[PDB]
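A quick write-up on the structure given underneath.
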Amino acid sequence: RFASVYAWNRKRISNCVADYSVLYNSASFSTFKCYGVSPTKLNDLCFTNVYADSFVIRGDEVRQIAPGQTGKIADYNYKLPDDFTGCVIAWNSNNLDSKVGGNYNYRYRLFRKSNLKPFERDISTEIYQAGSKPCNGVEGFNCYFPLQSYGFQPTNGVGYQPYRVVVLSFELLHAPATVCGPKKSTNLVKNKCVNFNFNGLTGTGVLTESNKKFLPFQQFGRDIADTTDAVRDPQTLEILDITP
Amino acid sequence: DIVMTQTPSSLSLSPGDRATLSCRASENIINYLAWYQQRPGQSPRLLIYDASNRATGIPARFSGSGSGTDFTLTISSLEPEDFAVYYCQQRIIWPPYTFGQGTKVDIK
Amino acid sequence: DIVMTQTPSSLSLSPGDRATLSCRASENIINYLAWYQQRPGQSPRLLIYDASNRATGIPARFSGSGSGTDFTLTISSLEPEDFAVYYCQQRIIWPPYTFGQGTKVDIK
Amino acid sequence: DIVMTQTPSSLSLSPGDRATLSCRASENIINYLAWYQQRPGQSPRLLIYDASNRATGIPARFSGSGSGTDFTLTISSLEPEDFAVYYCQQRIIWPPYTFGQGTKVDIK
Amino acid sequence: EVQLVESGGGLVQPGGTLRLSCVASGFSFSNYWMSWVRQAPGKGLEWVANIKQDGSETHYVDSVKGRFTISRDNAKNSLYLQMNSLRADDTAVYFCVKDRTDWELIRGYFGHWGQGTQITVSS
Amino acid sequence: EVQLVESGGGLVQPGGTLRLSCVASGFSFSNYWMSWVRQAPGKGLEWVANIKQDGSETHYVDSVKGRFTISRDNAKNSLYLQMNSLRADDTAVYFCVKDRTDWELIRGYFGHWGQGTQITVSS
Amino acid sequence: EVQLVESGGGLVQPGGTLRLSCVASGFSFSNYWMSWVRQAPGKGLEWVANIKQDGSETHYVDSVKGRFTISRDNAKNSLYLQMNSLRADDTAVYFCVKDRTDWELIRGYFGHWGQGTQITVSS
């Protein structure tokens, strides 16, 4: 059971091994659009933090789940920032989220004073005031209940049928090493100009045994003028200098 | 010329729950559809004109949606006067102005 | 509700050539169409499900595709068991699940 | 297989005014439609082939327009020989080549 | 409130002649595209004619033309429809219909119907 | 291999009552949305009903409802369909149909039919 | 000018056999996809067959096949259509049709019809 679009769910991914190639080639998704990265380079990146937003919308409102869009879902239900990094996955779910006579468990907001911020969530249920007259907790002329309900019936045209949407969002803030595609931690070497990758840190140089006491909580070493000059090996947890 | 069709013919319901009615056109009209309520033994009454817009004096239980070919009227809670016949009508392609066929909502 | 239509009714062919069959919907379905082969005196058999995807145990002579209103099944070389009846079926708009009408491919 | 339909059946007009005839297909053909003029007691004659393009020997009073599903023939001024029957015909999906039904333009 | 009273319906022979009158009080006659809508006994609604806030484009239903004639009178706030050569299938309930709006672009909606009169054609 | 044996069809009077049974062996009963599909003699295929891997949303064809009832039994690996008040037009060949897949999103495809039984209604 | 004279039609019994001939003078026979088009008395037009500028893909209408046969002769500038087992519904006016163009991509248009011959099948 997914959540409604006006109060959407947000699952946060933790340290893992993620395989996005089995998602990109599942042949069951109606829309797989990545925005901040090419899809084929998904298996090799280490996103400090991954979030997943899951909800249910209509069929002709999937094109509003994109950075910089207009419409009632785009204005105030779910807003995507213009500098997006994750992907949008969307698939038809008429067999699951619809039933005969109408499935009214999926409400959406169609009245709000202002547009939403990106990643803003408005679960308020105040009575909207369309006109200049206040009504103070009752309906009437130009006083509306802000949440309508989707009428989901399986005898609907395609474009009025329930589409399940999952929006993945990746970010690379300051973490030391989080989730990441499946890779083989090939044996490390020393004292040779090498091409290395330390759970995200990509570089080149000679690796050497260190003697700098990396405080139990310091992922790496920063040098004035800001160039990486030390790392910590994730598996054995020892500090190594990176000479060029 | 346009064959308007109401895809359910009769809905058996209970007073209080939700009701959904679907009207399907035979050609692409856009936003130009109205819903009328033929009460038992009374004159018809315009519920919504122009798709989702309500008429004056109509309570907020009635809502409308849909576009292009599929259109839907939704009643939130059936009051005991709402058991009636419902007609959909287009106004963009005339002559003639074609009606639907009727969807008698009754009590069960 | 959806009137599926197979636009040729019968194809007279020779064993060895190709065979094209077209199915046309009355409403926009997308990718959700299957092709069945009613053999003479046997139970039907699913050839392809989901448009261009073949089922397990089906040889590579059968191909398909589409994504809207027009759909086409193609047989590369007619084996002598392939002279049968062919049905197209959608599964996105139910109830009911509507079939085609049949395209009896025979020998000439 | 394609059900071509001429949406008016008969137009009562006066000699001189303009005339419009509409032909509607049951499937998306594109630009491939022709208009023929069955005169009273004569053989038919190709007015326009390929939608808006006129044939050789046809005067400039006849014009054509439309695409996809809706097509329209327009006669600027009715000469007294123009009161005839008009047929629309597609050529992109064969066999068979389907005609329209006829629109008898008469004098009133 | 808007009131739309009407009269004239009854029983005539196939081939007869009727004339329905319709008086309007509540709104302000004229400017409104008045119409006429029939309903067969035990069937859905239909459409007959509509004119103007004047006399222009009487606009019949093309299964009726040459037999019906719709007209109006703004000084008397009245609307008339006349039927000749009744075809033994024009037995219905006829309704006067207003037109929900004041200007021509949003016309076409059957706002504020009246109560209908009955017409039976038989022998 | 998957086998779908079925029985129960025969000859009854208009207004009679039949009950078809259907036993499944090859796959693993339950989880699969079993169905029923008729075919008139000399015509194309049709559809009757389908239920669940449980009992929910029996889902008839709306030219049949109130007269048919589909049910199942997972302990016996069986599927039943009962018909009352046969309308002298339900004379056909009925087929048990599996559903080609295991999870609900890709359901709806009539994978792995069975051989059909015949039902004639006459007097 | 282009002329398309034709002959052969008449009156035969249901189950008879006819053969229509058609001579062309004005253009240059061959290269043109000649055809045949019927029209029922009091109905719209239809289509029967067409061949080639040679003999290939005789292309009938699938309510006729196995009973008609269309052929041609380039040396005599002639086109023939033969009908066997006339089904008492092939009573019409038949027209020889040229094909408006010279090359195969823009073929399909019924340019420059001829005057038709009549065929009645009765007893």
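Labels for the chains are A, B, C, D, E, F and G, by order of writing; each one numbers its residues from 1.
In this section, a residue touches a chain if its C-beta (ideal position, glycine included) is under 8 Å from a C-beta of that chain, and two chains touch if they have at least 3 such contacts.
Enquirer: If you average the Cα atoms per chain, which one ends up farthest from chain D?
Expert: A
Enquirer: Scan C-G or D-G for the interface that duplicates C-F, counting it as a duplicate when over half of the contact pairs agree by residue number.
Expert: Same contacts by residue number as C-F, out of C-G or D-G: D-G.
Enquirer: Mind checking the centre-to-centre distance between chain A and chain G? Centres are C-alpha means, answer in whole Å.
Expert: So the centre of chain A lies 68 Å away from the centre of chain G.
Enquirer: Can you work out the whole-Å distance between the CA centroids of chain E and chain G?
Expert: The mean C-alpha positions of chain E and chain G differ by 54 Å.
Enquirer: Chain C to chain D: how many Å between their CA centres?
Expert: Result: the chain centres lie 35 Å from each other.
Enquirer: Go ahead and note the Å separation of the Cα centroids belonging to chain F and chain G.
Expert: 51
Enquirer: Multi-chain contacts in chain E: which residues touch at least two other chains?
Expert: Residues of chain E never touch two or more of the other chains.
Enquirer: Among all residues of chain C, which ones touch two or more of the remaining chains?
Expert: Counting only residues that touch two or more other chains, chain C contributes 1, 8, 27, 92, 94-95.
Enquirer: Could you tell me which residues belong to chain A and also touch two or more other chains?
Expert: 100, 155-157
Enquirer: Would you tell me which residues of chain G are touching chain D in their complex?
Expert: Residues of chain G touching chain D: 44-47, 59-62, 95, 100, 106, 108-116.
Enquirer: In the complex, go through chain F and note every residue touching chain A.
Expert: On the chain F side, the touching residues are 57, 59, 104-108.
Enquirer: Which of the residues in chain C come into contact with chain A in the complex?
Expert: 1, 27-30, 53, 92-95
Enquirer: Which positions of chain B touch chain A when the two form their complex?
Expert: Going through chain B, the ones touching chain A are 7, 18, 20, 22, 60, 63, 65-66, 68-70, 72, 74.
Enquirer: Which of the residues in chain C end up touching chain F in this complex?
Expert: Listed in rising order, the residues of chain C that touch chain F are 32, 34, 36, 38, 42-46, 49-50, 55, 87, 89, 91-92, 94-102.
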